[PDB]
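Starting off, we have a lone chain in the form deposited in one PDB entry, written out as structure tokens.
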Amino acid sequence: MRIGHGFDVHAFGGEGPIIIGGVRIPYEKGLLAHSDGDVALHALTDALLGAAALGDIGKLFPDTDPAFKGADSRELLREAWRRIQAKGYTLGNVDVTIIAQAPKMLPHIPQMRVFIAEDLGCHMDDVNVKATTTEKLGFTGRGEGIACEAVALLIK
């Protein structure tokens, strides 16, 4: 078995909905990256890549690589998973912690787990997603952005 950790942060900016764990949530602010800014999926991708000793999202999808520029986070996840599986890895389980003061993540989590399990080719039970606030403290608590932590266990 192999352990991986991922951490990601995206700042608010613009309007439109945000996308967390592949799920569109309505919010007064959008998430500025060039990513879609799926904090949950990027942190998960890093947790998975890190468990496979394949580096991170940046190493696999560099700015000077036209293939995945403008691709959504799920596409990046599936590709990362593809290269992880090519190395001989199977999915143990994943656990994702969304750190956000707002919006409320809870009702949207079931569909995140569905989306993640589809992309990783696994069951509901292998994917856990949870949310928490920083009790109005820090940059997350001041509503400046959303953080996310993810761990992943892989089998070879």
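Just so we're on the same page, rigid core means the largest C-alpha set that superposes within 1.5 Å between forms. Numbers for residues come from their place in the sequence shown, where the first is 1.
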Practice problem: Take the C-alpha B-factors listed in the entry for 65 to 73 and for 35 to 43, compute each mean, and give the stretch with the larger one. | Solution: 65 to 73
Quiz item: Quick one: higher average CA temperature factor, 55 to 63 or 97 to 105?
Solution: 55 to 63
Quiz prompt | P110, C-alpha B-factor rank within chain (lowest, middle or highest third) | solution = middle
Quiz item: Lowest, middle or highest third of the chain for the C-alpha temperature factor of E144?
Solution: lowest
Quiz item: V9: which third of its chain by C-alpha temperature factor?
Solution: lowest
Self-check item: Modelled-residue ranking by C-alpha temperature factor, third containing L49
Solution: lowest
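The same protein has a further form, the form deposited in another entry, not shown here; the description that follows concerns it.
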Quiz prompt | Position that moves between this form and the one not shown after core superposition, taken from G70, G55, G88, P110, with Cα shift of 2 Å or more | solution = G70
Self-check item: Cα distance between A86 and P66, which in the other form differs by 3 Å or more from this form, closer or farther
Solution: farther
Exercise. Have a look at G13 and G70: in the other form, are their Cα atoms closer together or farther apart than in this form, given the change is 3 Å or more?
Key: closer
